[PDB]
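In what follows, a structure is listed as structure tokens, so that the remarks can point back to it.
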Amino acid sequence: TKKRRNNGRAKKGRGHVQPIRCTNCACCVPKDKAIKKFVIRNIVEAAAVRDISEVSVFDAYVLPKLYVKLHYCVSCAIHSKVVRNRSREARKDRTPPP
Amino acid sequence: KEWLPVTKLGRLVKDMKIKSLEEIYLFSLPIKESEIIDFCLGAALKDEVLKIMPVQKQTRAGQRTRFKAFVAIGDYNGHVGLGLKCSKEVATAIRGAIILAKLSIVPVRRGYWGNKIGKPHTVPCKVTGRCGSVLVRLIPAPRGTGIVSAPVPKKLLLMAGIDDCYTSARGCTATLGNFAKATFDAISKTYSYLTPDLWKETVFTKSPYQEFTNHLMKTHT
Amino acid sequence: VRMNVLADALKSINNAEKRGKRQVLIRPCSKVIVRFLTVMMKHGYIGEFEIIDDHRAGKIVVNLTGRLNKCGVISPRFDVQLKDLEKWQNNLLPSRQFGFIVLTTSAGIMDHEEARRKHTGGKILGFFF
Amino acid sequence: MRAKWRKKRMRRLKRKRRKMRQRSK
Amino acid sequence: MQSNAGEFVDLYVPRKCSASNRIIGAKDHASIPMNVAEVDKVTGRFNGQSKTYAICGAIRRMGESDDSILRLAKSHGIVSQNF
Amino acid sequence: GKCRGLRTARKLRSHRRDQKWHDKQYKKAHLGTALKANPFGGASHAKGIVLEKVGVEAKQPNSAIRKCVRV
Amino acid sequence: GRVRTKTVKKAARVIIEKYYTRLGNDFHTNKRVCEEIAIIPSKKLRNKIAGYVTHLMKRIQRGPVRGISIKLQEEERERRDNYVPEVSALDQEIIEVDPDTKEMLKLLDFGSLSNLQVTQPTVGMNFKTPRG
Amino acid sequence: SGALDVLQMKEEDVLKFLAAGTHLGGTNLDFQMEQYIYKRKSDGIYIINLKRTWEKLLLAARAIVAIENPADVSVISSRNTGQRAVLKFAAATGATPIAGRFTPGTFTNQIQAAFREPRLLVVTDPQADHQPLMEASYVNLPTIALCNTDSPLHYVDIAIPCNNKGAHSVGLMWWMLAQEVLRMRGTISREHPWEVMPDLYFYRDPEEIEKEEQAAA
RNA sequence: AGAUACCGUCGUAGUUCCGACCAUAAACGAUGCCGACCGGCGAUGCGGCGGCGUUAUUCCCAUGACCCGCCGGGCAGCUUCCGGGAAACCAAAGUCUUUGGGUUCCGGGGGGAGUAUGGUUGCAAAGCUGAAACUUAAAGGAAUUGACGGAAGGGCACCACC
């Protein structure tokens, strides 16, 4: 039985896209197939920003950010709880969760 | 014993103010009282249990066996019904499928093969009906042909007051519910077929909800 | 490509009838399309149609009633003797009381009933009931 | 038995049959 | 629906949609015979005589039921030709 | 059919002829393999001489020993 | 876990709905009302019903409750719902009107009114929400 | 209704539509509602043609006055906006009001206590009141519906093109059609204006009820 | 336990380029191609057409960037009692017992078997073509209910924990 209409990927008029290597494993995943996050992240979380602000040389120093783009295989993504199994009606919602 | 009508239409039927269900079927009125058909065609209505079918749902502990009863009803002169009722015991299933059949009775238009003399004997045109995979085709036949058919639609067409008919089923007819429904869908579509007989532009007679709109206000709440 | 023009036209007015449209545009006008339609008109199945001359193959607008159950083509145009015409009206028409099988004879494009009168068989074009 | 490895075993078996039929030629 | 003698032989003559001219089955429960009240043209009051338009379920679920009644009332002199 | 041409009689016929060999009942009755292989040689009955009496085990669910004869 | 069951609430609603005027806010008086106007076989259930009755009576003092009806229904939804102002919000001196609403009034009989201020049109044709 | 001076659209009725804003339709458009629109504005709003609004109001009024029993014309609104207007329409016309929470199977299930069985539904919004429309499919019930440019005409059998969103425009359309059915019954004369005020039918914000209670003293 | 596995450190053929072979993939949209007809809506890509207004070349022209629509062709999307279908689902998988627009390939219960054998192509690996004897009452498709999970989430208990 055809589960997903798009087939779980995002090529409609190609027939081939290039494989990315999954960041967690090294699995080769079609680019369109891969579950992609763009993690902007402060180099220090919450406990260390308290300390840097006080031990900074500079005057109200804005801290730099660490811009990763994570590519996951479907198996890695579900195991690491990035994506998740949904009900057959709720599968069709392409809205990203708030 | 004494029937008490709850719907608007049932109240008219009981008081002898709509005097034949021909008048109900003219306005496509949903019959939901069982005793409307027991009132009009009451003596010419005969019941044959087509099949008792045990169905089961798998539960924590064993199966929950309920019984599906197909009842074909109809007077051997114009009307057929087909009622399907699933229940825990067999007597409740049969009785419920008799009621659902009565509610569901339709009039069959019946025409002529070639020569148009006497009373009508056959289906007026080739009419297919279906549900599931089962496609049933009913074909007009000459007088005295009988109902050339499988024993299930033969049993409904007898009940429809059709003397003569050629059939031609298709798909999994072994599943009786589909086959009985498909042949009932086929005779349903006789008064839903626009022949040249039915071209004379419609004269809209007054509804029974309009003809007796002043009576219904006082007769009940 | 477009090969049977009569086929395109008959299916077009069939799909328009099924929807419940009051008139339909059938894009290529032949002579055979007009004859078929006139035969359907004379038996009251369609209203007064009209052809639209652009200096090409014309278009026809047909005023549909709700009388036409189905309007079909038979492809290819099989060649029907008077003996065979009963076996075509047995397996291509619903009843023996109504419905017609239009066939091109040497006399002209006409229904099976006029073909029987004139004692002239011909090639089947299609049917309507 | 996976249908791919069935197809691999039938190839090896054929490849041994072509090896044993050749030795009479 | 005469026989050879002339006797009307079928047991009821079914209504037929005023929009599409397609007959309305005994169990087309989405049908609607709508009565439109008439007017004494000098007064603007209900006469007692009324125009009756039937519509089959098929057109009602098709969403064309209002435009059908609009044409039928305009084609009856109820709605202005201007509109 | 799929080719509804007025002059498609050899395409319609030769196609049926070719596809009729995928019918199992036809191929059996229209090759010489099923008949040359048949012990009776395409007869209703046949006489043979009993050489031993055999006890054949019933396939399973129902487990009895069916008294056949090797002929 | 002091949640009232359906037997308590149904009884307590019907007791208010039919005998509203006999009740009050005191528990102990309408305890004895519930004794008279109903045949309750338990003392505990009698108290439960009397208790929820009093709770619903305090709720009715605030405003109307979703699962009960009061005789007029109730001097606000009946009487005050017949509110009429001095002059209607429709009866406006200067009615602002779009140039294209002026056009469809011009293609009506009403091409010239006295009390219609035809406005300047909305420049910068930008009326949608951006995508994503 | 058409080509009659008696039932022609009057001058005061245009000012009641322009103040209410019944001409002022939604941003979006249904293909079934292109025939009840003059033109589109700059700043994506569709202008409803009030002449065609008026003809559909009369045709609806005809449909209601044709129903000889005034009781069995069931008048329905779910949204707060209509709940007052439809309840005052019952007072006037002698109709049956269902203001808020239309219980499914009130036309289809007999054994339900609120089993109504009308001859004609009147509906404030085909979208909000989708469940009455759908049960009108299962019992032969012609349906008048106050429709917007956005509204779908699924199972609505005569559409009155309006603003059915705004507080004033709804109550005014209910007032107009209540006054028209009582005119066409011959209850009220047409020369004089009507005693009942069009402002009566308007739903008010519960802010405005306590604002009037404050401004009454 | 074994671990000619999964894990790890190395690591030849290969992986890269040129010249010749090879001709197969879940080579998939598991959906042949051409043509007509049959709902709606918002997008988007390309080209053209029209239209208030912002903006750059400032010195305006006309071009770009936007905005608002129209048309055609394209990858798609959402919605719908068109209609179809065993159903999942499908604006095509519709216009089908009311069966015929044109045309090519191809299937005929499950195995045996893509096997044997002959032919043919290839350096080879292997490709294309391709049975039968025999064996068997099911194999299978879609969906439903349960049970189960080393899948996700929620709830409860001192016969759980803190």
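Chain identifiers are assigned as A, B, and so on, following the order in which chains appear in the structure tokens; residues are numbered from 1 within each chain, and ligands are numbered from 1 in order of appearance.
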_Residue hits in chain H, query chain E, radius 6 Å, only C-alpha atoms, as a PyMOL selection string_ = chain H and resi 1-3+52+62-63+66+137-140+142+153-155+157-158+184-186
- Task: Up to 8 Å from chain I, what residues of chain A turn up? Count only C-alpha atoms (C1' of nucleotides) and give them as a PyMOL selection string.
- Result: chain A and resi 1-2+12-13+84-85
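The residue set within 10 Å of residue 121 (chain G), counting only C-alpha atoms (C1' of nucleotides) and dropping same-chain residues fewer than 4 places from it, reads residues 97, 98, 99, 100 and 125 of chain G; 41, 42 and 43 of chain H; 52 of chain I.
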Keeping only N, CA and C atoms (P, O5', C5', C4', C3', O3' and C1' of nucleotides), write the selected residues as a PDB file, in the first residue's frame.
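Written output follows (part.pdb):
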ATOM      1  N   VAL G  97     -18.310  56.435   1.295  1.00  0.00           N
ATOM      2  CA  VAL G  97     -18.667  55.543   0.152  1.00  0.00           C
ATOM      3  C   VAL G  97     -17.449  55.448  -0.778  1.00  0.00           C
ATOM      4  N   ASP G  98     -17.156  54.246  -1.281  1.00  0.00           N
ATOM      5  CA  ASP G  98     -16.039  53.973  -2.226  1.00  0.00           C
ATOM      6  C   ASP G  98     -16.411  54.542  -3.595  1.00  0.00           C
ATOM      7  N   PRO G  99     -15.444  55.031  -4.413  1.00  0.00           N
ATOM      8  CA  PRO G  99     -15.725  55.425  -5.797  1.00  0.00           C
ATOM      9  C   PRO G  99     -16.401  54.355  -6.673  1.00  0.00           C
ATOM     10  N   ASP G 100     -16.101  53.067  -6.449  1.00  0.00           N
ATOM     11  CA  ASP G 100     -16.679  51.927  -7.215  1.00  0.00           C
ATOM     12  C   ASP G 100     -18.039  51.526  -6.621  1.00  0.00           C
ATOM     13  N   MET G 125      -1.933  49.370  -3.625  1.00  0.00           N
ATOM     14  CA  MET G 125      -2.819  48.175  -3.693  1.00  0.00           C
ATOM     15  C   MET G 125      -2.123  46.964  -3.049  1.00  0.00           C
TER      16      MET G 125
ATOM     17  N   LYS H  41     -12.736  46.041  -5.593  1.00  0.00           N
ATOM     18  CA  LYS H  41     -12.033  47.292  -5.197  1.00  0.00           C
ATOM     19  C   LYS H  41     -10.527  47.150  -5.434  1.00  0.00           C
ATOM     20  N   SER H  42      -9.810  48.273  -5.371  1.00  0.00           N
ATOM     21  CA  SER H  42      -8.389  48.346  -4.948  1.00  0.00           C
ATOM     22  C   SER H  42      -8.363  48.247  -3.419  1.00  0.00           C
ATOM     23  N   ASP H  43      -7.448  47.443  -2.869  1.00  0.00           N
ATOM     24  CA  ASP H  43      -7.500  46.890  -1.487  1.00  0.00           C
ATOM     25  C   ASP H  43      -8.547  45.767  -1.484  1.00  0.00           C
TER      26      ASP H  43
ATOM     27  P     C I  52      -2.801  52.922 -15.191  1.00  0.00           P
ATOM     28  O5'   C I  52      -2.870  53.555 -13.732  1.00  0.00           O
ATOM     29  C5'   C I  52      -2.227  52.912 -12.616  1.00  0.00           C
ATOM     30  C4'   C I  52      -2.859  53.367 -11.322  1.00  0.00           C
ATOM     31  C3'   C I  52      -1.930  54.038 -10.326  1.00  0.00           C
ATOM     32  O3'   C I  52      -1.647  55.403 -10.634  1.00  0.00           O
ATOM     33  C1'   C I  52      -3.248  52.434  -9.201  1.00  0.00           C
TER      34        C I  52
END
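Checking G:59, G:36, G:46, G:132 one by one against chain A, counting only C-alpha atoms, you find the shortest gap at G:132.
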May I ask for the distance between CA of residue 122 (chain C) and CA of residue 29 (chain C), given in Å to one decimal place?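 Computing it gives 22.5 Å between the two atoms.
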> Residues of chain E in strand (DSSP E or B) according to DSSP, as a PyMOL selection string?
Replying inline: chain E and resi 2+8+16+23+32-39+46-55
I need the residues from that last selection saved to file as a compact mmCIF listing (two decimals), in the first residue's frame (with N, CA, C and O atoms), if you can.
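New file again33.txt:
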# COMPACT_ATOMS: atom_id res chain seq x y z
N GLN E 2 -49.02 4.27 -22.17
CA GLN E 2 -50.23 3.55 -22.62
C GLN E 2 -49.86 2.10 -22.94
O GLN E 2 -48.70 1.86 -23.32
N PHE E 8 -53.41 3.95 -19.02
CA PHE E 8 -52.21 4.40 -18.26
C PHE E 8 -51.91 3.36 -17.18
O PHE E 8 -52.74 3.18 -16.26
N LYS E 16 -40.04 15.61 -12.14
CA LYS E 16 -38.87 15.81 -13.03
C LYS E 16 -38.31 17.21 -12.76
O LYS E 16 -39.08 18.18 -12.86
N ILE E 23 -35.58 12.96 -14.11
CA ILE E 23 -36.65 12.50 -13.16
C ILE E 23 -36.05 12.29 -11.77
O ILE E 23 -34.83 12.03 -11.66
N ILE E 32 -36.26 19.05 -3.72
CA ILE E 32 -36.90 20.25 -3.11
C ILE E 32 -37.93 20.85 -4.07
O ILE E 32 -37.51 21.42 -5.09
N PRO E 33 -39.25 20.74 -3.80
CA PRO E 33 -40.24 21.43 -4.62
C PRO E 33 -40.43 22.75 -3.86
O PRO E 33 -41.02 22.72 -2.80
N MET E 34 -39.93 23.86 -4.41
CA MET E 34 -40.00 25.16 -3.70
C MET E 34 -41.15 26.00 -4.26
O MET E 34 -41.16 26.25 -5.48
N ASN E 35 -42.07 26.40 -3.38
CA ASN E 35 -43.23 27.25 -3.77
C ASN E 35 -42.82 28.72 -3.60
O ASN E 35 -42.43 29.10 -2.47
N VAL E 36 -42.87 29.50 -4.69
CA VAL E 36 -42.61 30.97 -4.74
C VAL E 36 -43.97 31.68 -4.76
O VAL E 36 -44.74 31.45 -5.71
N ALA E 37 -44.25 32.49 -3.74
CA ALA E 37 -45.50 33.28 -3.57
C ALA E 37 -45.63 34.30 -4.70
O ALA E 37 -44.59 34.81 -5.16
N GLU E 38 -46.87 34.58 -5.12
CA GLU E 38 -47.21 35.56 -6.19
C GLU E 38 -47.66 36.88 -5.56
O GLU E 38 -47.82 36.93 -4.32
N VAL E 39 -47.85 37.91 -6.39
CA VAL E 39 -48.10 39.32 -5.96
C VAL E 39 -49.22 39.92 -6.83
O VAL E 39 -49.14 39.78 -8.07
N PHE E 46 -49.63 38.66 -0.95
CA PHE E 46 -49.78 37.22 -1.30
C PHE E 46 -51.19 36.98 -1.84
O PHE E 46 -52.17 37.28 -1.14
N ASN E 47 -51.27 36.43 -3.06
CA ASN E 47 -52.54 36.16 -3.78
C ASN E 47 -53.21 34.92 -3.18
O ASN E 47 -54.37 35.03 -2.73
N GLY E 48 -52.48 33.80 -3.15
CA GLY E 48 -52.98 32.45 -2.81
C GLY E 48 -52.56 31.42 -3.84
O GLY E 48 -52.58 30.21 -3.51
N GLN E 49 -52.21 31.86 -5.06
CA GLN E 49 -51.67 31.02 -6.16
C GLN E 49 -50.14 31.07 -6.13
O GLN E 49 -49.59 32.15 -5.79
N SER E 50 -49.45 29.96 -6.39
CA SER E 50 -47.97 30.02 -6.27
C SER E 50 -47.27 29.16 -7.32
O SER E 50 -47.83 28.11 -7.71
N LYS E 51 -46.06 29.57 -7.72
CA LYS E 51 -45.25 28.83 -8.72
C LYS E 51 -44.43 27.74 -8.02
O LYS E 51 -43.86 28.02 -6.95
N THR E 52 -44.37 26.55 -8.63
CA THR E 52 -43.77 25.36 -7.96
C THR E 52 -42.58 24.86 -8.78
O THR E 52 -42.80 24.35 -9.89
N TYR E 53 -41.37 25.00 -8.24
CA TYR E 53 -40.14 24.52 -8.93
C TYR E 53 -39.54 23.34 -8.16
O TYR E 53 -39.20 23.52 -6.97
N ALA E 54 -39.39 22.18 -8.82
CA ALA E 54 -38.74 20.98 -8.26
C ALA E 54 -37.27 20.96 -8.68
O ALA E 54 -36.97 21.36 -9.83
N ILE E 55 -36.40 20.50 -7.78
CA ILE E 55 -34.94 20.30 -8.04
C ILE E 55 -34.51 18.94 -7.47
O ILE E 55 -34.81 18.68 -6.29
Residue 138 (chain I) environment, 12 Å, only C-alpha atoms (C1' of nucleotides), sequence neighbours closer than 4 positions dropped, as JSON, numbers by chain | {"I": [109, 110, 111]}
- Query: Which residue, C:13, C:24, C:2, C:110, has the smallest gap to residue 42 (chain C) when you use only C-alpha atoms?
  - Reply: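 Residue with the minimum atom-to-atom distance to residue 42 (chain C): C:110.
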Got a sec: who's within 6 Å of region 164-177 of chain H, counting only C-alpha atoms (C1' of nucleotides), leaving out chain neighbours fewer than 6 positions off, as a tab-separated table (two decimals) with N, CA and C atoms, in the first residue's frame?
chain	number	residue	atom	x	y	z
H	20	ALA	N	-25.01	49.82	7.22
H	20	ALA	CA	-24.79	48.42	7.66
H	20	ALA	C	-23.54	47.85	6.98
H	21	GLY	N	-23.43	48.04	5.65
H	21	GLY	CA	-22.30	47.59	4.82
H	21	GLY	C	-22.55	46.23	4.19
H	22	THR	N	-23.78	45.96	3.73
H	22	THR	CA	-24.19	44.68	3.10
H	22	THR	C	-23.58	44.57	1.69
H	81	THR	N	-23.41	36.56	16.23
H	81	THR	CA	-23.80	37.66	15.30
H	81	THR	C	-25.27	37.56	14.89
H	85	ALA	N	-30.84	38.26	16.05
H	85	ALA	CA	-31.57	38.61	14.81
H	85	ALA	C	-32.60	37.53	14.46
H	148	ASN	N	-22.15	35.29	1.78
H	148	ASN	CA	-21.06	36.26	1.48
H	148	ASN	C	-20.47	35.90	0.11
H	198	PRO	N	-34.61	48.86	12.76
H	198	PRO	CA	-33.59	47.94	12.25
H	198	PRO	C	-32.43	47.68	13.23
H	201	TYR	N	-32.29	44.35	15.87
H	201	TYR	CA	-31.89	42.98	15.44
H	201	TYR	C	-30.38	42.77	15.61
H	202	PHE	N	-29.61	43.82	15.94
H	202	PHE	CA	-28.13	43.79	15.98
H	202	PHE	C	-27.64	43.12	17.27
inquiry  = For the structure I just gave you, how does DSSP split chain E - specifically, which residues are helix (DSSP H, G or I)? Reply as a list in words.
reply    =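 Going through chain E, the helix (DSSP H, G or I) residues come out as residues 57, 58, 59, 60, 61, 62, 65, 66, 67, 68, 69, 70, 71, 72, 73 and 74 of chain E.
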